[PDB]
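Counted the way the authors' numbering counts, the sequence shown spans residues 1496 to 1583.
As structure tokens, the structure follows; a few thoughts come after it.
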Amino acid sequence: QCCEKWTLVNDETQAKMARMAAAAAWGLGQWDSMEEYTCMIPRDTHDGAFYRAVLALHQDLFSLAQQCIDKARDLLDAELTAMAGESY
């Protein structure tokens, strides 16, 4: 479904696609496809950091990887500090 529909799609829908497209490429182990999709994910999201952090480790960029993991945790503050208060 990803490969068929890119040029047919808008930039709003593009950003809601890549989180699933990268997951899919990663699942299938096709790393060229995975790099294209991961760039389309926004940097401000938890996932955006995480998928850059994976493509860091496949290409062996451990300083860059470690940066992205910490940046990912920083963005996960908001999500945990929301839901951790009321119930585990």
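Ideal Cβ placement from N, Cα and C applies to all residues, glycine included.
- Runs of the alpha helix (DSSP H) lying entirely within the segment 1503-1573 and spanning at least 4 residues, in chain order: 1506-1523, 1526-1535, 1541-1553.
- Its Cα nearest to that of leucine 1550, the residue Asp1527 stands out among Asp1527, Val1504, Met1515.
- By the C-beta density criterion, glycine 1543 is buried, having at least 16 other C-beta atoms within 10 angstroms.
- Comparing alpha carbon positions, the residue from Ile1536, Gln1561, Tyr1546 closest to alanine 1510 is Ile1536.
- Nearest neighbour of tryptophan 1521 by Cα position, chosen from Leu1552, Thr1508, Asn1505, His1541, turns out to be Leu1552.
- DSSP, read as helix, strand or coil, puts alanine 1579 in coil.
- By the criterion of a C-beta distance shorter than 8 angstroms, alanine 1567 is surrounded in its chain by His1541, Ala1544, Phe1545, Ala1548, once the five residues flanking it on both sides are discounted.
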